[PDB]
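Enquirer: Enclosed are the sequence and the experimentally obtained structure.
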Amino acid sequence: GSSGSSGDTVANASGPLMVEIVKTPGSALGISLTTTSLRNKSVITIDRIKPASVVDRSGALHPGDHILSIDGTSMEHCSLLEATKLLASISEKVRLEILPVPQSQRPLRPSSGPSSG
């Protein structure tokens, strides 16, 4: 009579936003992150994206977004090196968990308009 707890191992799917990006197989896009301070701890964010890339051409990530997690990696006690390593360790789609920001608050939103490129 000990241990147990049979329900779910962390499951919300409401707070953080999963910004997936269908990149090339074993290929690097060019995502640049930039960590900063606050008061007691720091936070990993996005510095800038690469031009003519899957993230830029698609418009998934953006400079300034607050990354909450990546591929199941909490961005509460991580660094720039660790985070950058996660983006490189991708098979096809990058599991980037970003906070609901005004710049991006949808995994698959419509894109209408004459020009787009």
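Expert: In hand now; what should we look at? Numbers count the residues shown, from 1 in each chain.
Enquirer: Could you look up the SS state of the most centrally placed residue in the chain?
Expert: With distances taken as C-alpha atoms, centre = their mean, the residue of the chain nearest its centroid is residue 96 (2.4 Å). Put simply, residue 96 is strand when judged by DSSP: H, G, I helix; E, B strand; the rest coil.
Enquirer: Could you report the distance from it to residue 39?
Expert: According to C-beta to C-beta, to the nearest Å, residue 96 and residue 39 sit 25 Å apart. From N, CA and C alone the C-beta is placed, and that goes for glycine too.
Enquirer: ok, now residue 61?
Expert: 26 Å.
Enquirer: the more surrounded of the two?
Expert: residue 61 (27 against 5; other C-beta atoms under 10 Å).
Enquirer: and the closest residue to the more buried one other than its chain neighbours, how many neighbours?
Expert: Closest residue to residue 61 apart from its sequence neighbours, by C-beta to C-beta, 6 or more residues apart in numbering: residue 55 at 4.7 Å. Residues within reach of residue 55, counting by other C-beta under 10 Å, total 21.
Enquirer: just the helices in the chain please.
Expert: Counting by DSSP state H, the segments of the chain that form helices are 54-58, 80-88.
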